[PDB]
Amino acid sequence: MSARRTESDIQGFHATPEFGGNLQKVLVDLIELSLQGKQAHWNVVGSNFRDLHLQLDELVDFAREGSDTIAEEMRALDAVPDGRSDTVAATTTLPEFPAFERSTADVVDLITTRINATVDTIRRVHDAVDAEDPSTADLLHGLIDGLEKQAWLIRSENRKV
């Protein structure tokens, strides 16, 4: 027992309300992106339907894994996620996805914008998150990178060169 600590209830790292609130911002935009991604996935029609249909599902998978990661990171640090529909709708920073069928070209533009807005949210909270907890900032880096890849893979469809 020469180097053993004797404490009996050694506590874990707890997030400040500011940190919790910052992760909460990331969470709602990821959930909203997931819902908008499926909406697009179902309702996309026209030239190169299948590619975008499939790519959109891949986007949804990434955003769903991301939201779960963020929420669980909140839980680990004693924060309480709110991913309920009312909260997501009232607090998301993403512009609303339109109703009805939309062309591949329009879906490409719309979805790219909503991905970009989601990355924006993460980049906006990044420094405050990093300052409090360097480990959580790494999760943010993974999210930024995966989302920016999705953005590139989707937007390239509409590129005119």
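Residue numbers here begin at 1 and follow the sequence given.
Q: Hey, which bit's got the bigger mean C-alpha B factor in the entry, 105-113 or 129-137?
A: The recorded data point to 129-137.
Q: Determine, for stretches 50-58 and 92-100, which one has the higher mean CA B-factor as deposited.
A: On average, C-alpha B-factors are higher across 92-100.
Q: For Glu32, does the deposited CA B-factor place it in the lowest, middle or highest third of the chain?
A: According to the entry, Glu32 has a C-alpha B-factor in the chain's lowest third.
Q: Ranked by Cα temperature factor within the chain, is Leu153 in the lowest third, the middle third or the highest third?
A: CA B-factor rank for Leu153: lowest third.
Q: Ranking every modelled residue in this chain by its Cα temperature factor as given in the entry, which third contains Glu65?
A: Tercile = lowest for this residue's CA B-factor.
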